[PDB]
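Comments concern the structure below.
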Amino acid sequence: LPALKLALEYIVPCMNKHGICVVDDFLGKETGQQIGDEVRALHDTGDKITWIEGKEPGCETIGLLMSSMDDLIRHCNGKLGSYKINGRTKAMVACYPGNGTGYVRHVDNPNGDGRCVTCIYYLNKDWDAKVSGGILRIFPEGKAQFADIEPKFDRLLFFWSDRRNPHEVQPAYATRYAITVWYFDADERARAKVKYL
Ligand SMILES: COc1ccc2cc(-c3cnc(C(=O)NCC(=O)O)c(O)c3)ccc2c1
Ligand SMILES: [Mn+2]
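Under the authors' numbering, residues 188 to 233, 254 to 404 are what the sequence shown spells out, in order.
What follows is the structure, given as structure tokens:
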């Protein structure tokens, strides 16, 4: 699907209706394999998370992914709830070493630091939840039933960052790589800037 078709006909209505969106095969085997090579390079060369602006040497494919997310979000702007997106963080590359680690139930932005949307990219090739686990569970503002998201390769996930989506990362018994970008709300972020100082 083209960027604006994907955005308008899927991500926008889907975030409004559920607040959680998954897009599979986002960039294809070739681009995704390259992204994975770069991430595996970052970790297998040498703080289990690192921040990438996208123009660093060797992260050019990562910057490509960040740019693609940006394109989607540009097309969603003004249609994603009442938020106006005017910026985003750098990309956080995250590693779960595979020793039974995870992340306890948490909320990304519970103190109004400006982040509304969370964007995760999964680079895990031939990943079996049964054997390796590492599933992300989102409990969408209650909603009676949670959502289990496998970190399947070339998968792009969006969800609201505020209290609406509490989520946990179930223990990982294989090495788990992902890339996360957060998108800001203009007004919330401007109020946050003043409070921090
Ligand atoms: C010390 O400075 C910081 C600043 C921000 C940080 C954010 C996270 C974080 C938050 N959420 C998730 C998550 O929900 N991941 C779901 C998934 O991977 O599928 C995650 O993996 C990692 C961890 C450490 C941080 C350290
Ligand atoms: Mn999180």
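Note that the Cβ used here is the ideal one computed from N, Cα and C, for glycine as well.
So is residue i buried or exposed if we call it buried at 16+ other beta carbons inside 10 Å?
i: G341; result: buried
i: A228; result: exposed
i: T325; result: buried
i: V226; result: buried
i: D392; result: buried
i: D231; result: exposed
i: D224; result: exposed
Do residue i and residue j have their C-beta atoms within less than 9 angstroms of each other?
i: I292; j: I280; result: yes
i: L272; j: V199; result: no
i: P373; j: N331; result: no
i: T387; j: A301; result: yes
i: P347; j: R322; result: no
i: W367; j: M202; result: yes
Distance, Cα to Cα, residue i vs residue j?
i: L193; j: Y403; result: 36 angstroms
i: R396; j: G206; result: 20 angstroms
i: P304; j: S289; result: 38 angstroms
i: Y197; j: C208; result: 8 angstroms
i: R362; j: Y328; result: 6 angstroms
i: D394; j: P317; result: 16 angstroms
i: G285; j: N306; result: 42 angstroms
i: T257; j: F213; result: 22 angstroms
i: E217; j: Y380; result: 26 angstroms
i: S274; j: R295; result: 11 angstroms
i: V210; j: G233; result: 31 angstroms
Could you pull out every residue in the same chain whose Cβ sits closer than 8 angstroms to the Cβ of residue i, ignoring the five residues on either side in sequence?
i: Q377; result: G309, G340, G341, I342, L343 and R344
Quick one: residues in its chain with C-beta nearer than 7 angstroms to the C-beta of residue i, no 5 flanking neighbours on either side, listed in chain order?
i: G219; result: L330, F360 and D361
i: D320; result: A399
i: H282; result: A190, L191, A194 and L195
Under 6 angstroms Cβ to Cβ from residue i, same chain only, skipping five residues before and after it: list those, please.
i: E260; result: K297
i: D278; result: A190
- Message: So, does the region 256-267 touch the region 353-369, judging by three or more C-beta pairs under 8 angstroms?
- Response: no
- Would the region 332-341 and the region 311-318 be scored as touching if the rule is three or more Cβ pairs under 8 angstroms? no
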